């Protein structure tokens, strides 16, 4: 039940592009550990009948020839998803950038807010958040970005931590105290300081927005240089 907007459609398509670029690495995996974590991630991304057909796609990517180039792999993937009734998995644009990854993280963020606001009063949603944590813990850049990978590796806990707050909030609700949805991040962070069960509406949209801003502020430190998205602007763009 996420609002349909121009930006959300781009998020949707970057999400597919990101997922396609991930199962393409599977044929190149240099270890069983990497094979396991790539295919697991891919299975989770598409998760957010269609399950069984998604297993066939992953299994196709695992055996796909290492000797194809990306273009060749794209062609065989378009056919496979056509034969598996998964044209919906097909990305419209294949131009892969940092914004593809951002759009994916923002997409997941909106999925989370949407599951918690349309929850049925629960173990299900709480299992979905664990999966979400593994997806955020394990974001692949795919593109060459040594400095970006290490930075994210350092501060990704910021996002995941807020996913754990939602878990605590739903644990409180399965045990009597319902969630009170508040409008700001500040009402939530004050309420932690005491019972109460306040959860910011659209929490992960905001969290990944502040996070996105933080990475862009911090990169004027990483290259010595003297130098944004506001929450109001972001809600307007996404119809939150």
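Positions refer to the first chain, counted from 1.
According to the entry, the stretch of the deposited sequence that connects residue 232 to residue 233 contains no residue lacking coordinates, so the chain runs unbroken between them. The modelled chain is continuous from residue 87 to residue 88, with every intervening residue of the deposited sequence accounted for. Higher mean CA temperature factor between 167-175 and 24-32: 167-175, per the PDB entry. The stretch with the higher mean CA B factor, choosing between 208-216 and 185-193, is 185-193.
Between the residues 162, 119, 149, 106, the entry's highest C-alpha temperature factor is the one at 119. Remark: residue 200 belongs to the middle third of its chain, ranked by C-alpha B-factor as recorded.
Per the PDB record, residue ranking by Cα B-factor puts residue 127 in the highest third of the chain.
The entry lists a Cα temperature factor for residue 55 that places it in the middle third of the chain's modelled residues. In the PDB entry, a CA B factor belonging to the lowest third of its chain's modelled residues is recorded for residue 19. The deposited CA B-factor of residue 180 belongs to the highest third of values across its chain.
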